[PDB]
>>> print(open('input-v4.cif').read())   # mmCIF, C-alpha atoms
data_my_file
#
loop_
_atom_site.label_atom_id
_atom_site.label_comp_id
_atom_site.auth_asym_id
_atom_site.auth_seq_id
_atom_site.Cartn_x
_atom_site.Cartn_y
_atom_site.Cartn_z
CA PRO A 1 0.00 0.00 0.00
CA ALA A 2 0.96 3.63 -0.71
CA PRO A 3 2.77 5.61 2.01
CA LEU A 4 -0.36 7.79 2.38
CA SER A 5 -2.42 4.72 3.27
CA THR A 6 0.14 3.38 5.76
CA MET A 7 0.10 6.72 7.50
CA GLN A 8 -3.72 7.00 7.55
CA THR A 9 -4.11 3.46 8.98
CA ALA A 10 -1.49 4.06 11.63
CA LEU A 11 -3.14 7.31 12.76
CA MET A 12 -6.52 5.64 12.90
CA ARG A 13 -5.01 2.94 15.11
CA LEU A 14 -3.34 5.54 17.38
CA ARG A 15 -6.64 7.37 17.94
CA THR A 16 -8.13 4.25 19.48
CA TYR A 17 -5.61 4.38 22.37
CA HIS A 18 -6.96 7.81 23.51
CA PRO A 19 -3.59 9.48 23.51
CA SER A 20 -3.24 12.84 25.28
CA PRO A 21 -4.56 15.75 23.26
CA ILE A 22 -1.21 17.50 23.57
CA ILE A 23 0.25 14.69 21.50
CA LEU A 24 -2.66 13.81 19.28
CA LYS A 25 -3.40 17.32 18.07
CA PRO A 26 0.08 17.94 16.58
CA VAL A 27 0.25 14.38 15.17
CA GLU A 28 -3.09 14.87 13.48
CA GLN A 29 -2.08 18.26 12.16
CA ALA A 30 1.25 16.88 10.83
CA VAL A 31 -0.49 13.98 9.13
CA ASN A 32 -2.93 16.39 7.66
CA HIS A 33 -0.21 18.60 6.19
CA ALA A 34 1.43 15.46 4.79
CA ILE A 35 -1.79 14.60 3.01
CA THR A 36 -1.80 18.12 1.53
CA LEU A 37 1.75 17.61 0.29
CA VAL A 38 0.92 14.20 -1.31
CA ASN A 39 -1.95 15.90 -3.12
CA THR A 40 -0.23 19.10 -4.15
CA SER A 41 3.50 18.46 -4.41
CA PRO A 42 4.17 14.69 -4.43
CA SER A 43 7.73 13.35 -4.33
CA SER A 44 9.91 10.65 -2.88
CA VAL A 45 10.60 13.01 0.06
CA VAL A 46 6.90 13.49 0.83
CA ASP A 47 6.57 9.68 0.60
CA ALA A 48 9.34 9.26 3.18
CA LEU A 49 7.65 11.86 5.38
CA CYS A 50 4.47 9.80 5.30
CA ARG A 51 6.36 6.61 6.19
CA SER A 52 8.00 8.43 9.08
CA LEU A 53 4.67 9.65 10.42
CA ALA A 54 3.21 6.18 10.11
CA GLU A 55 6.13 4.87 12.13
CA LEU A 56 5.70 7.59 14.75
CA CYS A 57 2.03 6.66 15.16
CA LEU A 58 2.94 3.00 15.49
CA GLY A 59 5.61 3.77 18.08
CA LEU A 60 3.04 5.74 20.08
CA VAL A 61 0.72 2.72 19.80
CA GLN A 62 3.46 0.42 21.09
CA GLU A 63 4.16 2.73 24.01
CA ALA A 64 0.52 2.70 24.91
CA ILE A 65 0.39 -1.11 24.79
CA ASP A 66 3.44 -1.28 27.00
CA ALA A 67 1.80 1.17 29.46
CA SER A 68 -1.40 -0.83 29.57
CA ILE A 69 0.53 -4.10 30.23
CA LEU A 70 2.60 -2.53 33.06
CA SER A 71 -0.84 -1.49 34.45
CA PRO B 1 12.06 32.56 14.68
CA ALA B 2 11.08 30.72 11.48
CA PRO B 3 9.21 27.41 11.64
CA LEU B 4 12.37 25.60 10.56
CA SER B 5 14.16 27.02 13.65
CA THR B 6 11.34 26.30 16.09
CA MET B 7 11.08 22.70 14.89
CA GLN B 8 14.80 22.15 15.43
CA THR B 9 14.84 23.88 18.82
CA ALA B 10 11.88 21.88 20.07
CA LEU B 11 13.48 18.61 18.93
CA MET B 12 16.71 19.49 20.70
CA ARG B 13 14.74 20.02 23.89
CA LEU B 14 12.98 16.71 23.43
CA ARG B 15 16.25 14.81 23.10
CA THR B 16 17.24 15.91 26.58
CA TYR B 17 14.36 13.94 28.01
CA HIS B 18 15.66 10.67 26.47
CA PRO B 19 12.37 9.49 25.03
CA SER B 20 12.15 5.92 23.86
CA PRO B 21 13.87 5.30 20.53
CA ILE B 22 10.63 3.84 19.21
CA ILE B 23 9.24 7.39 19.36
CA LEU B 24 12.43 9.44 18.83
CA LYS B 25 13.73 7.66 15.76
CA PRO B 26 10.60 8.43 13.67
CA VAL B 27 10.36 11.98 15.01
CA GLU B 28 13.94 12.53 13.85
CA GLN B 29 13.11 11.13 10.45
CA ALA B 30 9.99 13.28 10.09
CA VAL B 31 12.02 16.31 10.93
CA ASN B 32 14.74 15.20 8.48
CA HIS B 33 12.18 15.11 5.68
CA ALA B 34 10.67 18.39 6.72
CA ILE B 35 14.10 20.05 6.62
CA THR B 36 14.57 18.75 3.10
CA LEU B 37 11.23 20.14 2.09
CA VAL B 38 12.00 23.60 3.50
CA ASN B 39 15.29 23.71 1.70
CA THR B 40 14.02 22.40 -1.63
CA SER B 41 10.28 22.98 -1.98
CA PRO B 42 9.36 25.61 0.53
CA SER B 43 5.71 26.67 0.97
CA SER B 44 3.17 27.76 3.57
CA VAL B 45 2.23 24.03 3.80
CA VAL B 46 5.83 23.04 4.56
CA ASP B 47 5.98 25.82 7.13
CA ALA B 48 2.81 24.56 8.74
CA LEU B 49 4.25 21.06 8.80
CA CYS B 50 7.30 22.38 10.60
CA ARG B 51 5.11 24.16 13.14
CA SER B 52 3.18 20.94 13.70
CA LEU B 53 6.38 18.99 14.29
CA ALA B 54 7.60 21.64 16.70
CA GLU B 55 4.32 21.37 18.58
CA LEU B 56 4.65 17.58 18.62
CA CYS B 57 8.06 17.76 20.14
CA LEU B 58 6.89 20.27 22.78
CA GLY B 59 3.97 18.05 23.55
CA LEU B 60 6.27 15.10 24.04
CA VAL B 61 8.39 17.31 26.38
CA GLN B 62 5.28 18.20 28.43
CA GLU B 63 4.44 14.49 28.72
CA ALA B 64 8.02 13.63 29.60
CA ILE B 65 7.99 16.05 32.44
CA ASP B 66 4.87 14.44 33.89
CA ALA B 67 6.41 11.01 33.41
CA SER B 68 9.71 11.94 34.97
CA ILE B 69 8.09 13.18 38.16
#
>>> encode(input="input-v4.cif", output="structure tokens")
Amino acid sequence: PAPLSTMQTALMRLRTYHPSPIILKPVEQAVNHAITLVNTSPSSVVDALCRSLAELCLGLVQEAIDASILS
Amino acid sequence: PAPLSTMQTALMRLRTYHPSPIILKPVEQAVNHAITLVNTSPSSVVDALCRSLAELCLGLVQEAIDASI
């Protein structure tokens, strides 16, 4: 799947862990600007940005899972 | 300061809190790509991206503080 899709799925997953607003707001805004860049000025660099944001979302998911287990 | 500067400053602050690599490594990469975009294809959208990444880093700092205590 396209980098855009990997990023969208990963954000959707992150939202289900109810992360703090002070983290979720900027992540959502960053993802949103990445979508704008895919649409308006696509490139291999924007693709890498999207992969990096997907990975960030997934790392925040893993931290949440770890927190929940320790609880 | 420009969005490029605020993003880099906020990330430097974040590193001092030693967040988990599973979070820091992708933040560093996002910022890497953003820097490339500013340098090569600047725009109000790239600036906004930079601002968002600065805010992310400052949010992670705020959470780090809470966690540290």
>>> interface_residues(input="input-v4.cif", of="chain B", to="chain A", cutoff="7 Å", atoms="all atoms listed in the file", output="list in words")
residues 22, 23, 26, 27, 29, 30, 33, 45, 49, 52, 53, 55, 56, 59 and 60 of chain B
>>> resolve_selection(input="input-v4.cif", expression="the PyMOL selection byres ((chain A and resi 17) around 9)", output="ChimeraX atom specification")
/A:13-16,18-19,61,64-65
>>> residues_near_point(input="input-v4.cif", point="(15.1, 21.1, 18.1)", cutoff="10 Å", atoms="only C-alpha atoms", output="list in words")
residues 4, 5, 6, 7, 8, 9, 10, 11, 12, 13, 14, 15, 28, 31, 53, 54, 57 and 58 of chain B
>>> atom_distance(input="input-v4.cif", atom1="atom CA of residue B:36", atom2="atom CA of residue A:9")
24.8 Å
>>> axis_aligned_box(input="input-v4.cif", around="stretch 57-60 of chain A", padding_each_side="6 Å", output="lines of an AutoDock Vina configuration file")
center_x = 3.8
center_y = 4.8
center_z = 17.6
size_x = 15.6
size_y = 15.7
size_z = 16.9
>>> atom_distance(input="input-v4.cif", atom1="atom CA of residue B:19", atom2="atom CA of residue B:64")
7.5 Å
>>> atom_distance(input="input-v4.cif", atom1="atom CA of residue A:69", atom2="atom CA of residue B:66")
19.4 Å
>>> decode(input="input-v4.cif", residues="stretch 34-61 of chain A", atoms="N, CA, C and O atoms", output="JSON list (two decimals), in the first residue's frame")
[["chain", "number", "residue", "atom", "x", "y", "z"],
["A", 34, "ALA", "N", 0.85, 16.43, 5.69],
["A", 34, "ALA", "CA", 1.43, 15.46, 4.79],
["A", 34, "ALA", "C", 0.48, 15.07, 3.70],
["A", 34, "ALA", "O", 0.87, 14.93, 2.53],
["A", 35, "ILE", "N", -0.77, 14.89, 4.04],
["A", 35, "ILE", "CA", -1.79, 14.60, 3.01],
["A", 35, "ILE", "C", -1.84, 15.73, 1.96],
["A", 35, "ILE", "O", -1.88, 15.49, 0.77],
["A", 36, "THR", "N", -1.83, 16.99, 2.45],
["A", 36, "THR", "CA", -1.80, 18.12, 1.53],
["A", 36, "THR", "C", -0.63, 18.03, 0.59],
["A", 36, "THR", "O", -0.77, 18.26, -0.59],
["A", 37, "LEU", "N", 0.57, 17.71, 1.14],
["A", 37, "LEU", "CA", 1.75, 17.61, 0.29],
["A", 37, "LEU", "C", 1.66, 16.45, -0.72],
["A", 37, "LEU", "O", 2.07, 16.59, -1.84],
["A", 38, "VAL", "N", 1.11, 15.29, -0.33],
["A", 38, "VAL", "CA", 0.92, 14.20, -1.31],
["A", 38, "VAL", "C", 0.04, 14.68, -2.44],
["A", 38, "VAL", "O", 0.28, 14.36, -3.58],
["A", 39, "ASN", "N", -0.98, 15.44, -2.12],
["A", 39, "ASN", "CA", -1.95, 15.90, -3.12],
["A", 39, "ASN", "C", -1.44, 17.01, -4.01],
["A", 39, "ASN", "O", -1.85, 17.09, -5.18],
["A", 40, "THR", "N", -0.61, 17.86, -3.48],
["A", 40, "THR", "CA", -0.23, 19.10, -4.15],
["A", 40, "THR", "C", 1.20, 19.15, -4.67],
["A", 40, "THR", "O", 1.47, 19.86, -5.63],
["A", 41, "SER", "N", 2.11, 18.41, -4.05],
["A", 41, "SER", "CA", 3.50, 18.46, -4.41],
["A", 41, "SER", "C", 4.16, 17.14, -4.08],
["A", 41, "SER", "O", 5.07, 17.09, -3.26],
["A", 42, "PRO", "N", 3.67, 16.04, -4.70],
["A", 42, "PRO", "CA", 4.17, 14.69, -4.43],
["A", 42, "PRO", "C", 5.63, 14.49, -4.80],
["A", 42, "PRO", "O", 6.12, 15.14, -5.71],
["A", 43, "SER", "N", 6.33, 13.65, -4.05],
["A", 43, "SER", "CA", 7.73, 13.35, -4.33],
["A", 43, "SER", "C", 8.17, 12.23, -3.46],
["A", 43, "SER", "O", 7.46, 11.85, -2.50],
["A", 44, "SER", "N", 9.37, 11.73, -3.71],
["A", 44, "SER", "CA", 9.91, 10.65, -2.88],
["A", 44, "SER", "C", 10.18, 11.16, -1.41],
["A", 44, "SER", "O", 10.12, 10.39, -0.44],
["A", 45, "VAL", "N", 10.45, 12.44, -1.26],
["A", 45, "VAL", "CA", 10.60, 13.01, 0.06],
["A", 45, "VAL", "C", 9.30, 13.11, 0.84],
["A", 45, "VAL", "O", 9.26, 12.77, 2.02],
["A", 46, "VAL", "N", 8.24, 13.50, 0.17],
["A", 46, "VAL", "CA", 6.90, 13.49, 0.83],
["A", 46, "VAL", "C", 6.51, 12.01, 1.17],
["A", 46, "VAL", "O", 5.95, 11.71, 2.22],
["A", 47, "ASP", "N", 6.81, 11.08, 0.27],
["A", 47, "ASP", "CA", 6.57, 9.68, 0.60],
["A", 47, "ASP", "C", 7.30, 9.23, 1.88],
["A", 47, "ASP", "O", 6.73, 8.55, 2.72],
["A", 48, "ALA", "N", 8.60, 9.58, 1.99],
["A", 48, "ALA", "CA", 9.34, 9.26, 3.18],
["A", 48, "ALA", "C", 8.78, 9.94, 4.45],
["A", 48, "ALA", "O", 8.78, 9.32, 5.53],
["A", 49, "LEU", "N", 8.28, 11.19, 4.28],
["A", 49, "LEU", "CA", 7.65, 11.86, 5.38],
["A", 49, "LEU", "C", 6.46, 11.03, 5.87],
["A", 49, "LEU", "O", 6.28, 10.84, 7.07],
["A", 50, "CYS", "N", 5.63, 10.59, 4.92],
["A", 50, "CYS", "CA", 4.47, 9.80, 5.30],
["A", 50, "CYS", "C", 4.85, 8.51, 6.00],
["A", 50, "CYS", "O", 4.24, 8.14, 6.98],
["A", 51, "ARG", "N", 5.90, 7.81, 5.50],
["A", 51, "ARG", "CA", 6.36, 6.61, 6.19],
["A", 51, "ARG", "C", 6.86, 6.91, 7.59],
["A", 51, "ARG", "O", 6.56, 6.15, 8.53],
["A", 52, "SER", "N", 7.55, 8.07, 7.76],
["A", 52, "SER", "CA", 8.00, 8.43, 9.08],
["A", 52, "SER", "C", 6.85, 8.77, 10.07],
["A", 52, "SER", "O", 6.92, 8.39, 11.20],
["A", 53, "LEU", "N", 5.79, 9.41, 9.57],
["A", 53, "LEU", "CA", 4.67, 9.65, 10.42],
["A", 53, "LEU", "C", 3.91, 8.43, 10.75],
["A", 53, "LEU", "O", 3.46, 8.28, 11.88],
["A", 54, "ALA", "N", 3.84, 7.49, 9.79],
["A", 54, "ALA", "CA", 3.21, 6.18, 10.11],
["A", 54, "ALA", "C", 3.97, 5.49, 11.24],
["A", 54, "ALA", "O", 3.43, 5.01, 12.20],
["A", 55, "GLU", "N", 5.30, 5.49, 11.11],
["A", 55, "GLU", "CA", 6.13, 4.87, 12.13],
["A", 55, "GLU", "C", 6.04, 5.54, 13.52],
["A", 55, "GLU", "O", 6.08, 4.90, 14.56],
["A", 56, "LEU", "N", 5.89, 6.88, 13.51],
["A", 56, "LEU", "CA", 5.70, 7.59, 14.75],
["A", 56, "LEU", "C", 4.39, 7.14, 15.45],
["A", 56, "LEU", "O", 4.35, 6.86, 16.64],
["A", 57, "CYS", "N", 3.34, 7.08, 14.65],
["A", 57, "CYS", "CA", 2.03, 6.66, 15.16],
["A", 57, "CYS", "C", 2.11, 5.26, 15.73],
["A", 57, "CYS", "O", 1.58, 4.98, 16.78],
["A", 58, "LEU", "N", 2.80, 4.38, 15.01],
["A", 58, "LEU", "CA", 2.94, 3.00, 15.49],
["A", 58, "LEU", "C", 3.81, 2.87, 16.75],
["A", 58, "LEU", "O", 3.60, 2.06, 17.63],
["A", 59, "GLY", "N", 4.81, 3.78, 16.89],
["A", 59, "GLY", "CA", 5.61, 3.77, 18.08],
["A", 59, "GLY", "C", 4.84, 4.27, 19.26],
["A", 59, "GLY", "O", 4.95, 3.72, 20.34],
["A", 60, "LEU", "N", 3.96, 5.28, 19.02],
["A", 60, "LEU", "CA", 3.04, 5.74, 20.08],
["A", 60, "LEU", "C", 2.01, 4.67, 20.49],
["A", 60, "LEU", "O", 1.74, 4.47, 21.66],
["A", 61, "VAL", "N", 1.58, 3.89, 19.51],
["A", 61, "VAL", "CA", 0.72, 2.72, 19.80],
["A", 61, "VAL", "C", 1.46, 1.70, 20.67],
["A", 61, "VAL", "O", 0.96, 1.23, 21.66]]
